[PDB]
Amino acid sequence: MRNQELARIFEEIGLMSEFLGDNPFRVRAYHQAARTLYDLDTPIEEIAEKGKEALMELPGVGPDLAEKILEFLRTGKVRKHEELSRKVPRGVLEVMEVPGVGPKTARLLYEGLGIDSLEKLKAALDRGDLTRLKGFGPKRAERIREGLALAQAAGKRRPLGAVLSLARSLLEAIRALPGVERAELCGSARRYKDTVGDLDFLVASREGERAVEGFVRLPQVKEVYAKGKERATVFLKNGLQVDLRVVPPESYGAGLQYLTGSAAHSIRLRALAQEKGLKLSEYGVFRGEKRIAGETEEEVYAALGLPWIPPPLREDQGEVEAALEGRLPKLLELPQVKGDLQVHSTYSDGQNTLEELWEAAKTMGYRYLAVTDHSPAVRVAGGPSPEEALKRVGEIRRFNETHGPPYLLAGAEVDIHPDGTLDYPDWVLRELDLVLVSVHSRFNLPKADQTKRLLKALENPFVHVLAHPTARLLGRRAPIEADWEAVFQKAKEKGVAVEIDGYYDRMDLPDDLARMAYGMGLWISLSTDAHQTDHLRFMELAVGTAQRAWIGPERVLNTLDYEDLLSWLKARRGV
């Protein structure tokens, strides 16, 4: 559909027209045309095919607008929009759209103050320049600064784990709206993508317009950006940018599929539908005018002749073909994970004692937890020394002797020196239950040198896991450059697992490299890199990553029970 694209075009024409000081009647008309297109559920092209008169039946559309609709459908553009674009630059249009600014103010700001950009706008805000205009007080001042921040965030992405719990708190409030029967967090978040744009929620309701009203008036909501009969876009007090879509309860499953995407996955499904005489839309699966499916997502997949496809797979990267042949991959599931294989403690940089870690693991129903404190070079500190590291092993063993399950594995996260040697001697490594190795320095070695360093680390027969291999920090540090094929192949041959560290701003291995490692036949270790017990919740992110990477419970260390895990760790591994 081109409905939303055209709604935007007319809205922009309205804004630019008002900026230029066109007829307020014409300005309001463009905005009403925009609302109509925003709310219109049927494709605008289907009405356009019926003719100019049919377009004019729509609320707000007259002879002028109907010709512009046809122009857009025939050429892909509207010359009027292009004409106003010649008179109104992009930066000045960006300024006017900030909440609390608007077209007329933007004109004064353009002509009198020299503000043609968000940059200048922020400069003015920060210096108090705007306070020297009539109509400007601390209330409007606060709105404009915040509007600017929201504008600048809308381009950008945040780690999934930075926003998922906040999204779930909003989901609770949405579910609690009277009139809402079901709701779900959809979009890329439901697919467990490691960074997300806006958050998208689907609601089932028989009273959609009233559900939208309740939603936009939730205590959590700060600003409404767009609102109509069945959808809204808002900004929360906590910053989150959120889209809502409402469908009738009979359509909920089709709405879930629609709003979960990816868009590429949905293109595949719509073609499969039409190839068997059906139409898939947000509202259901239809044979002619008759709705034959829609209430549940599994019913929708079934109507297309498919098994239900897990959301993390829905990227058009082989899942449609696998579903068509009745051979979807077996995927790791969160209940199958029996422990977390990288947690830190007060022996190094963690906030928790052994007792606190044990208690948290016991609450979670884990069989074990690996306490993997840093070697001295990681912390850029003096210790723990090799002697202290061994003393700690004895303490963890005594803790297990006095506590029982969940058992603590006495581990370490051992720094890899620039030359590929390890930051504990073999007499420490051999006594550890679990040896992780990782890069914490010299992140920018030439690719060939970084590769050699990692290969040399993997020579050591006491190593079990390559921890957070790329060392990336989302928003702070790029992945290290290394030949991952060479690194993974050596790890496979040596019996060393690669880690998926689900700590929210690590997400390392990323899904794509995890998919590569698992496809090459490696073992996988999941962890949260916890430094406080609240971090243990990130295991869901590591599992979601595994699912995106087509990883099953086979060759995942965390699906082994304690005895089987210790056996794996002690075994002659590799070729």
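Residue indices: 1-based, along the sequence shown.
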| property | result |
| --- | --- |
| Mean C-alpha temperature factor, higher of 178 to 186 and 70 to 78 | 70 to 78 |
| Mean C-alpha B-factor comparison - 29 to 37 and 59 to 67, higher one | 59 to 67 |
| Identity of residue with top Cα B-factor, from 217, 140, 452, 367 | 140 |
| Residue with highest C-alpha B-factor in the PDB entry, from 109, 500, 303, 428 | 109 |
| Third assignment of residue 548 from its chain's C-alpha B-factors | lowest |
| Ranked against its chain, the third holding the CA B-factor of residue 85 | highest |
| Chain-relative CA temperature factor third for residue 558 | lowest |
| Chain thirds of CA B-factor: placement of residue 136 | highest |
| Where the record places residue 467 (Cα B-factor, split into thirds across the chain) | lowest |
